[PDB]
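Below is one structure, written out as structure tokens, with a few remarks after it.
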Amino acid sequence: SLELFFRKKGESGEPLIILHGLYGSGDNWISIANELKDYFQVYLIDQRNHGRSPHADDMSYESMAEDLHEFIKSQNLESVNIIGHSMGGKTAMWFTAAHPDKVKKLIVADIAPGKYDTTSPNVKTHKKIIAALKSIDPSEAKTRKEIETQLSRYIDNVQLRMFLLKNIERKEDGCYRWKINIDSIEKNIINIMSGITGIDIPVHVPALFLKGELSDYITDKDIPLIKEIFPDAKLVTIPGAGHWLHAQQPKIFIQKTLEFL
């Protein structure tokens, strides 16, 4: 169990914990928390190996769930709302099944409870990203415009590029560095892509699955297992959004969130 870095927006309302996905941080949720903080006490958490949170070798969902559980303890929160995007969504589902009594309502953004295999574009895209990151040497200390043009050759989508490049920071010597534990990430890719198993089903917590229309992280074969774990779950497709649906369609993200919580 690590002590997670967090920022809190909002002084009144029920607590609302937001968990980013792989390579993200609480910073990517600033604009959504900007609206949500009028109604909730929003906690933007950096998960292990991410943002300003501590590094570790193990990044299993068990450990990330425990990090979450410890965070909730150290802040004296009785019961919480949770939004988890992708990797953050699996942690949240793990945590919720293990501790349903601490969760008021759950929002899962664009990921299914089950395992993704190597043929999947999920696994493929992650495999690419890792290779890209492992192959950039930040220590060479070239300016952040150079790192950008280096990643220009690897992945095309500019949003993905700058998404990833939010993870490069300045160090004390002046040389650039990754703030994320790329090594732990790489040696946990199986852990990260694995399905939820070994849980007391059904989970008696209201849940919302938000699917991006142009993403295939959730498909129609996912509905059976979603419903097995969360019988009264609701599934909602945000039109014209991919995997980062809250960055691409934030207005609709807030709408669906405020109608559910």
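Residue numbers start at 1 in each chain; chains themselves are named A, B, ... in the order of the structure tokens; ligands are numbered from 1 in the order shown.
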
Which residues, written as a PDB file with N, CA and C atoms, in the first residue's frame, have at least one atom at most 10 Å from residue 206 of chain A, with only C-alpha atoms counted and residues fewer than 6 positions away on the same chain left out?
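Output file part.pdb is given in full below:
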ATOM      1  N   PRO A 100     -18.225  -3.481  -1.265  1.00  0.00           N
ATOM      2  CA  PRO A 100     -19.398  -2.822  -1.842  1.00  0.00           C
ATOM      3  C   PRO A 100     -20.032  -1.833  -0.877  1.00  0.00           C
ATOM      4  N   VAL A 103     -19.082   1.739  -1.312  1.00  0.00           N
ATOM      5  CA  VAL A 103     -19.334   2.422  -2.569  1.00  0.00           C
ATOM      6  C   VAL A 103     -20.805   2.786  -2.713  1.00  0.00           C
ATOM      7  N   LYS A 104     -21.097   4.048  -3.027  1.00  0.00           N
ATOM      8  CA  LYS A 104     -22.486   4.434  -3.198  1.00  0.00           C
ATOM      9  C   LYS A 104     -22.899   4.125  -4.626  1.00  0.00           C
ATOM     10  N   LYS A 105     -22.150   4.625  -5.612  1.00  0.00           N
ATOM     11  CA  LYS A 105     -22.485   4.349  -6.995  1.00  0.00           C
ATOM     12  C   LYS A 105     -21.185   4.313  -7.774  1.00  0.00           C
ATOM     13  N   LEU A 106     -21.174   3.555  -8.879  1.00  0.00           N
ATOM     14  CA  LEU A 106     -19.937   3.336  -9.598  1.00  0.00           C
ATOM     15  C   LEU A 106     -20.093   3.746 -11.063  1.00  0.00           C
ATOM     16  N   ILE A 107     -19.145   4.548 -11.557  1.00  0.00           N
ATOM     17  CA  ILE A 107     -19.157   4.793 -12.994  1.00  0.00           C
ATOM     18  C   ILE A 107     -17.898   4.189 -13.612  1.00  0.00           C
ATOM     19  N   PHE A 230     -22.757  -7.076 -12.171  1.00  0.00           N
ATOM     20  CA  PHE A 230     -23.596  -5.946 -11.766  1.00  0.00           C
ATOM     21  C   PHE A 230     -24.968  -6.077 -12.431  1.00  0.00           C
ATOM     22  N   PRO A 231     -25.937  -6.812 -11.828  1.00  0.00           N
ATOM     23  CA  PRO A 231     -27.194  -7.160 -12.498  1.00  0.00           C
ATOM     24  C   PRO A 231     -28.032  -5.971 -12.964  1.00  0.00           C
ATOM     25  N   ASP A 232     -27.973  -4.874 -12.216  1.00  0.00           N
ATOM     26  CA  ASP A 232     -28.763  -3.699 -12.533  1.00  0.00           C
ATOM     27  C   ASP A 232     -27.904  -2.605 -13.198  1.00  0.00           C
ATOM     28  N   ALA A 233     -26.748  -2.971 -13.772  1.00  0.00           N
ATOM     29  CA  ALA A 233     -25.857  -2.037 -14.421  1.00  0.00           C
ATOM     30  C   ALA A 233     -26.559  -1.323 -15.580  1.00  0.00           C
ATOM     31  N   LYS A 234     -26.182  -0.072 -15.843  1.00  0.00           N
ATOM     32  CA  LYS A 234     -26.687   0.564 -17.047  1.00  0.00           C
ATOM     33  C   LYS A 234     -25.511   0.792 -17.979  1.00  0.00           C
ATOM     34  N   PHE A 260     -26.851  10.119 -13.428  1.00  0.00           N
ATOM     35  CA  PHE A 260     -26.733   8.825 -12.736  1.00  0.00           C
ATOM     36  C   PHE A 260     -26.452   9.011 -11.240  1.00  0.00           C
ATOM     37  N   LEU A 261     -25.474   9.843 -10.856  1.00  0.00           N
ATOM     38  CA  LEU A 261     -25.082   9.967  -9.460  1.00  0.00           C
ATOM     39  C   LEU A 261     -26.131  10.723  -8.643  1.00  0.00           C
TER      40      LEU A 261
END

For residue 21 of chain A, list every protein, DNA or RNA residue within 8 Å, evaluated using only C-alpha atoms, and leave out those in the same chain fewer than 6 positions away; present the list as JSON, numbers by chain.
{"A": [84, 85, 86, 87, 88, 89]}

Requested write-out: N, CA and C atoms of the selected residues, as a PDB file, in the first residue's frame:
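Written out: out_19.pdb:
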ATOM      1  N   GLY A  84     -14.027   5.487 -12.705  1.00  0.00           N
ATOM      2  CA  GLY A  84     -12.760   4.882 -13.097  1.00  0.00           C
ATOM      3  C   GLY A  84     -12.730   4.717 -14.606  1.00  0.00           C
ATOM      4  N   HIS A  85     -11.739   5.333 -15.229  1.00  0.00           N
ATOM      5  CA  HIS A  85     -11.543   5.275 -16.670  1.00  0.00           C
ATOM      6  C   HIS A  85     -10.507   4.194 -16.973  1.00  0.00           C
ATOM      7  N   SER A  86     -10.911   3.213 -17.796  1.00  0.00           N
ATOM      8  CA  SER A  86     -10.052   2.132 -18.261  1.00  0.00           C
ATOM      9  C   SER A  86      -9.356   1.418 -17.094  1.00  0.00           C
ATOM     10  N   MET A  87      -8.018   1.531 -17.022  1.00  0.00           N
ATOM     11  CA  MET A  87      -7.298   0.853 -15.957  1.00  0.00           C
ATOM     12  C   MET A  87      -7.917   1.270 -14.630  1.00  0.00           C
ATOM     13  N   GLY A  88      -8.240   2.562 -14.516  1.00  0.00           N
ATOM     14  CA  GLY A  88      -8.895   3.108 -13.328  1.00  0.00           C
ATOM     15  C   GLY A  88     -10.273   2.478 -13.088  1.00  0.00           C
ATOM     16  N   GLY A  89     -10.926   2.088 -14.176  1.00  0.00           N
ATOM     17  CA  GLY A  89     -12.219   1.421 -14.099  1.00  0.00           C
ATOM     18  C   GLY A  89     -12.135  -0.001 -13.550  1.00  0.00           C
TER      19      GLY A  89
END

Pick out the residues sitting within 7 Å of segment 48-51 of chain A, and hand them over as JSON, numbers by chain; count only C-alpha atoms, and ignore anything fewer than 3 positions along from it in its own chain.
{"A": [4, 23, 24, 25, 54, 55, 56, 64, 179, 180, 181]}

As a count of residues only, please: every residue in segment 95-243 of chain A that DSSP puts in strand (DSSP E or B).
24

Could you list, as number ranges by chain, every residue within 10 Å of segment 244-247 of chain A, counting only C-alpha atoms and ignoring same-chain residues fewer than 6 positions away?
A: 21, 28-29, 31-32, 85-86, 109-110, 159-160, 210-215, 237-238, 253-254

Could you please take those selected residues and save N, CA and C atoms as a PDB file, in the first residue's frame?
ATOM      1  N   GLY A  21      -6.792   6.285 -16.207  1.00  0.00           N
ATOM      2  CA  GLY A  21      -6.253   5.073 -16.805  1.00  0.00           C
ATOM      3  C   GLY A  21      -4.719   5.096 -16.995  1.00  0.00           C
ATOM      4  N   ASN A  28      -5.699  15.034 -16.001  1.00  0.00           N
ATOM      5  CA  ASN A  28      -6.521  14.902 -17.205  1.00  0.00           C
ATOM      6  C   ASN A  28      -8.011  15.072 -16.853  1.00  0.00           C
ATOM      7  N   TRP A  29      -8.351  15.155 -15.558  1.00  0.00           N
ATOM      8  CA  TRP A  29      -9.741  15.218 -15.113  1.00  0.00           C
ATOM      9  C   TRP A  29     -10.091  16.632 -14.612  1.00  0.00           C
ATOM     10  N   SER A  31     -10.872  19.551 -16.070  1.00  0.00           N
ATOM     11  CA  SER A  31     -11.994  20.187 -16.713  1.00  0.00           C
ATOM     12  C   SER A  31     -13.319  19.528 -16.308  1.00  0.00           C
ATOM     13  N   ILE A  32     -13.368  18.189 -16.145  1.00  0.00           N
ATOM     14  CA  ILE A  32     -14.578  17.507 -15.697  1.00  0.00           C
ATOM     15  C   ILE A  32     -14.860  17.761 -14.205  1.00  0.00           C
ATOM     16  N   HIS A  85     -11.739   5.333 -15.229  1.00  0.00           N
ATOM     17  CA  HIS A  85     -11.543   5.275 -16.670  1.00  0.00           C
ATOM     18  C   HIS A  85     -10.507   4.194 -16.973  1.00  0.00           C
ATOM     19  N   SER A  86     -10.911   3.213 -17.796  1.00  0.00           N
ATOM     20  CA  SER A  86     -10.052   2.132 -18.261  1.00  0.00           C
ATOM     21  C   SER A  86      -9.356   1.418 -17.094  1.00  0.00           C
ATOM     22  N   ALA A 109     -15.806   3.942 -17.122  1.00  0.00           N
ATOM     23  CA  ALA A 109     -15.644   4.595 -18.430  1.00  0.00           C
ATOM     24  C   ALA A 109     -14.797   3.748 -19.388  1.00  0.00           C
ATOM     25  N   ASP A 110     -15.486   3.192 -20.390  1.00  0.00           N
ATOM     26  CA  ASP A 110     -14.913   2.545 -21.568  1.00  0.00           C
ATOM     27  C   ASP A 110     -13.909   1.411 -21.258  1.00  0.00           C
ATOM     28  N   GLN A 159      -3.089  13.713 -30.111  1.00  0.00           N
ATOM     29  CA  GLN A 159      -3.681  13.744 -28.784  1.00  0.00           C
ATOM     30  C   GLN A 159      -3.027  12.676 -27.912  1.00  0.00           C
ATOM     31  N   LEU A 160      -2.877  11.464 -28.463  1.00  0.00           N
ATOM     32  CA  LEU A 160      -2.152  10.372 -27.819  1.00  0.00           C
ATOM     33  C   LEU A 160      -0.712  10.791 -27.521  1.00  0.00           C
ATOM     34  N   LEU A 210     -20.039   3.589 -19.288  1.00  0.00           N
ATOM     35  CA  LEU A 210     -20.063   4.536 -20.388  1.00  0.00           C
ATOM     36  C   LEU A 210     -19.102   4.059 -21.475  1.00  0.00           C
ATOM     37  N   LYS A 211     -19.658   3.750 -22.643  1.00  0.00           N
ATOM     38  CA  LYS A 211     -18.956   3.247 -23.806  1.00  0.00           C
ATOM     39  C   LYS A 211     -18.734   4.384 -24.802  1.00  0.00           C
ATOM     40  N   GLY A 212     -17.519   4.507 -25.339  1.00  0.00           N
ATOM     41  CA  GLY A 212     -17.311   5.377 -26.492  1.00  0.00           C
ATOM     42  C   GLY A 212     -17.819   4.699 -27.766  1.00  0.00           C
ATOM     43  N   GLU A 213     -18.597   5.426 -28.572  1.00  0.00           N
ATOM     44  CA  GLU A 213     -19.173   4.882 -29.809  1.00  0.00           C
ATOM     45  C   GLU A 213     -18.081   4.317 -30.724  1.00  0.00           C
ATOM     46  N   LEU A 214     -16.974   5.066 -30.890  1.00  0.00           N
ATOM     47  CA  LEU A 214     -15.897   4.729 -31.815  1.00  0.00           C
ATOM     48  C   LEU A 214     -14.802   3.903 -31.135  1.00  0.00           C
ATOM     49  N   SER A 215     -15.098   3.322 -29.975  1.00  0.00           N
ATOM     50  CA  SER A 215     -14.166   2.437 -29.297  1.00  0.00           C
ATOM     51  C   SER A 215     -14.770   1.039 -29.175  1.00  0.00           C
ATOM     52  N   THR A 237     -23.900   4.647 -24.431  1.00  0.00           N
ATOM     53  CA  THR A 237     -22.944   4.978 -25.480  1.00  0.00           C
ATOM     54  C   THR A 237     -22.929   6.485 -25.718  1.00  0.00           C
ATOM     55  N   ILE A 238     -21.761   7.118 -25.516  1.00  0.00           N
ATOM     56  CA  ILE A 238     -21.582   8.526 -25.853  1.00  0.00           C
ATOM     57  C   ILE A 238     -21.266   8.604 -27.344  1.00  0.00           C
ATOM     58  N   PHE A 253     -20.068  13.862 -21.119  1.00  0.00           N
ATOM     59  CA  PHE A 253     -19.588  13.020 -20.042  1.00  0.00           C
ATOM     60  C   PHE A 253     -20.253  13.466 -18.740  1.00  0.00           C
ATOM     61  N   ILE A 254     -20.288  14.773 -18.536  1.00  0.00           N
ATOM     62  CA  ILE A 254     -20.814  15.374 -17.325  1.00  0.00           C
ATOM     63  C   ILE A 254     -22.320  15.138 -17.227  1.00  0.00           C
TER      64      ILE A 254
END

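What separates atom CA of residue 185 of chain A from atom CA of residue 27 of chain A is a distance of 19.4 Å.
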
Calculate how many Å separate atom CA of residue 33 of chain A from atom CA of residue 194 of chain A, rounding to one decimal.
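Between atom CA of residue 33 of chain A and atom CA of residue 194 of chain A the gap works out to 28.9 Å.
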
Which of A:155, A:147, A:83, A:130 sits closest to residue 207 of chain A [using only C-alpha atoms]
A:83
